[PDB]
Amino acid sequence: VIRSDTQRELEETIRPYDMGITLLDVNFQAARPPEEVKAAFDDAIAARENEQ
Amino acid sequence: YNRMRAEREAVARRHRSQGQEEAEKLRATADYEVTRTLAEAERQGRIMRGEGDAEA
């Protein structure tokens, strides 16, 4: 739903401008969490394994 | 790995524990038979001791 909204919103942002740039595709690449908190994210999974 | 490794160890501990159970059972009956034979000898020996003491 974001790639749809951000693509639609970006187009609306450049409508008044009237520039001749045409949007072809909006392809989301990555959403990784901050590296500082990545450590805890993996530990939560390891805890499940430790529980078992 | 710590989960799969731990699971395999559980089976290994179970097998070793099972073997000890059988071993203890066999040793238990062996001791009973040994005690029975020793007790029989003491009863027979007591008979002889009484005869000697009575004769003396």
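The structure this text deals with has already been given above.
Here is what the cut-offs are and how they apply
- Residues numbered from 1 in each chain as written, not as in the entry; some residues may be left out.
- Chains lettered and ligands numbered in written order.
- Part of a larger assembly, values for the part shown.
- Heavy atoms only, no water.
- Helix = DSSP H or I, 4+ residues; strand = E, 2+ residues; numbered from the N terminus.
- Rg over C-alpha atoms; globule rule 2.2 N^0.38 Å.
- Buried < 20%, exposed > 50% of the residue type's maximum accessible area, 1.4 Å probe, protein only.
- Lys, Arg positive; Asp, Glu negative; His and termini not counted.
- Charge placed at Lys NZ, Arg CZ, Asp CG, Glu CD.
- Salt bridge = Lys/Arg side-chain N within 4 Å of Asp/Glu carboxyl O.

Colleague: Mind laying out the overall build of chain A, listing which residues take part and the relevant values?
Modeller: When you go through chain A residue by residue, the secondary structure sums to two helices and zero strands. For 52 residues, the compact-globule estimate of 2.2 N^0.38 gives 10 Å, and the C-alpha radius of gyration of chain A, at 20 Å, exceeds that figure by more than 25%. Considered along the principal axes of its C-alpha atoms, chain A spans approximately 60 × 20 × 15 Å. When burial is assessed residue by residue, chain A has 0% of its 52 residues classed as buried. Both charge centroids of chain A, one from 6 positive and one from 12 negative side chains, sit 4 Å from each other.

Colleague: Could you give an account of the pattern of salt bridges, naming the residues involved and the relevant values?
Modeller: Residues and elements named next belong to chain A. On inspection of all chains with the given rule, the structure shows five salt bridges over all chains. Across the pair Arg8 and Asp5 runs a salt bridge, and its minimum N-O distance is 2.5 Å. With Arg8 and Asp5 both in helix α1 (residues 2–13) and three residues apart, this pair spans about one turn of that helix. Judged by relative accessible area, which is 30%, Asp5 ranks as partly exposed.

Colleague: Mind laying out unusual backbone geometry, listing which residues take part and the relevant values?
Modeller: Residues and elements named next belong to chain A. For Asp18, which is not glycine, the phi torsion reads 75° and is therefore positive. Summarising the element assignment, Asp18 is placed in the loop between α1 and α2 (35–51). Given the relative accessible area of 61%, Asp18 is considered exposed.

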